[PDB]
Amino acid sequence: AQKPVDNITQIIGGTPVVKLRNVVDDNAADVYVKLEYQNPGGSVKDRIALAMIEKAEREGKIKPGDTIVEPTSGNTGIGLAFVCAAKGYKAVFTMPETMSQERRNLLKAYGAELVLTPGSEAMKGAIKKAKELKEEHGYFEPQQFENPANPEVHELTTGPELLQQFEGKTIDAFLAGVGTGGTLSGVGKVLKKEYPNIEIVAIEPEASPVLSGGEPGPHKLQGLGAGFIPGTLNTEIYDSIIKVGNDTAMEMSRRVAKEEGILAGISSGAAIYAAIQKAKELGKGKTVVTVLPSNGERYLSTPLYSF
């Protein structure tokens, strides 16, 4: 147990890894999953929320009491709301008015202010409004898809944690779903330096396969599929791409909750499905690692766990 800390943000990181036992068999490589939902705010985005705020503070771009703005309907909004409450900043989020009352409660519980944009305009409307508010009011905009502090934090924290966790082993493949691409890029850089023969694999939705050269399209893999190539994604880091369908990912998440006791979001199901595909190709005795970005409890009102 960690010694007492003065601020909840000091427990971000240091997340555990579990070996899968039942959804993959002994004829395939071993598959390990890093539980990023064990971060105190509930997802991998705790890491980047903290890093972007702390970098802007260290650079004098913001100081406690300042207001930040970000367009987000996902875990980055929760992460920034959480970190802003913990560090004494004011958070404003733009998002389409389709957001549920429970999610509004969650962000407002941390004291965030919401600016709702037209539902039919989806993310484009929220992004435009955030830029307008930044220019009108001077709010700081973290810019999760361009801010180098995002992949950098994974290079400094997530990746070196994996090196410590896998001392005495070599990792043969690391796979991660791409939202901003910061996890894949920062972890991938660290792991490729330590294990130069590793394969790095990007995961994206089959229904929106932009990294594969396809066009954006509607998809249900929460956390993935931004519809463009983020600046925070190093497109040279990955050796291959695995596309995952909406139904395949949901079926995997359900199996993993029931058969491993690991209750994770649909993007975690996509990651595990892809890791199992890779494990079958590499065979017994090899080591495959992936990241589970968020917990299934955050998605009980989606089809994911509706039986």
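Just so we're on the same page, rigid core means the largest C-alpha set that superposes within 1.5 Å between forms. All residue numbers refer to positions in the sequence shown, first residue = 1.
- With 113 to 121 and 87 to 95 as candidates, the stretch whose CA atoms show the greater average offset from this form in 4 other deposited structures of this protein after a core fit is 113 to 121.
- Superposing each structure in 4 other deposited structures of this protein on the rigid core shows that the farther-lying of 152 to 160 and 97 to 105, by root-mean-square Cα distance, is 97 to 105.
- In this entry, the higher average B-factor at the C-alpha atoms falls on 24 to 32, of the pair 270 to 278 and 24 to 32.
- Higher mean CA temperature factor between 136 to 144 and 164 to 172: 164 to 172, per the PDB entry.
- Between the residues 69, 49, 263, 62, the entry's highest C-alpha temperature factor is the one at 62.
- The deposited CA B-factor of residue 250 belongs to the highest third of values across its chain.
- Per the PDB record, residue ranking by Cα B-factor puts residue 8 in the lowest third of the chain.
- Split the chain's modelled residues into thirds by C-alpha temperature factor. Residue 58 is in the highest one.
- Annotation for residue 183: C-alpha temperature factor in the lowest third relative to the rest of the modelled chain, per the entry.
- The entry lists a Cα temperature factor for residue 154 that places it in the lowest third of the chain's modelled residues.
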